[PDB]
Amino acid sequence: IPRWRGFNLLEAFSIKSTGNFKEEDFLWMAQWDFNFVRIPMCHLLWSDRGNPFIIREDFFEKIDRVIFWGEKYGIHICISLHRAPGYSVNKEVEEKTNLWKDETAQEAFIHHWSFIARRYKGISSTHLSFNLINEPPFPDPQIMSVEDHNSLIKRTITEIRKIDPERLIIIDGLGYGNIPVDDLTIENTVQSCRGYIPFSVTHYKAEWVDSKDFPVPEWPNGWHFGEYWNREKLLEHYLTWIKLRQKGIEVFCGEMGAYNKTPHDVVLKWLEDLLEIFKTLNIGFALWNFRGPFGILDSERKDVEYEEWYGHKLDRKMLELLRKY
């Protein structure tokens, strides 16, 4: 199958999301030759904080439409749990339980994946894959050991595959999607890495991370938690990732990009280096937004001369960069 190139769509991402995805997103990205979307979902949109086994199945009509649009536009759909019982990197709501340790949270997690597996059974893996959980933390036995992660992921896959043996599963790396998971030699899986290194470029002035002391963005030699990064250091990083292929595991970058307070020249210089490594290493990518601050449209950068695109504002230079690679 061809390398995945595309975007994340965020209409089911937050407790305040409506689940109303835009068919125009699919039409536009198809016309620009992209072939992939990831859909990070918040389980509280169809569940309950008190009872994690609740599923309001009508919500999934919204996701059905997305999967329908994928087939129609030639866009692979990867549906993801951005929040699940006991886990989210999103701080908008605090999980009272810890998925990585809590037996009940884990049963609820599998219960949700089982419902989804049953709903979409018989949609081929060419059209639809499952990304079980977004961005698990760094291992720390106090929260999540490597073995807590691996046992849960294996159990979950086992259940999904009892329902749908051929279902392709995407597994995020540890350390928020940055560390390859070495003991998950499971057939028909992809591990998902990240394209946010270095944070002084991609997350400069980001409100939801502790960014106050980040240095001014620069590339090369951008700063990431005390270390300086260049093209060479990126290359070595992703070269480590693709060793997973020696184990028969594919690799893909499920989120990438830079926020909208970094100067446009720094973003494009960094992005091109990254994209060039990806193309060279045959690593698929997904930009964190299509429309939005990390995206090519309506990104609200104060230093971009936007192009009019059907009433939206298009960053043509960033778009053309993506289409080149």
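From 1 onward, residues are counted along the sequence shown.
Of the two stretches examined, 217 to 225 and 111 to 119, the record assigns the greater average C-alpha temperature factor to 217 to 225. Once the C-alpha B-factors are averaged per stretch, 248 to 256 and 180 to 188 rank with 180 to 188 first. Within the listed group 45, 274, 29, 266, the record reports its top CA B-factor for 29. The entry lists C-alpha B-factors for 285, 270, 69, 53, and the highest of these is at 69. Split the chain's modelled residues into thirds by C-alpha temperature factor. Residue 279 is in the middle one. In the PDB entry, a CA B factor belonging to the lowest third of its chain's modelled residues is recorded for residue 158.
Remark: residue 139 belongs to the highest third of its chain, ranked by C-alpha B-factor as recorded.
Ranked against the other modelled residues of its chain, the C-alpha B-factor of residue 310 as given in the entry falls in the highest third. For residue 73, the recorded CA temperature factor ranks within the middle third of the chain's modelled residues.
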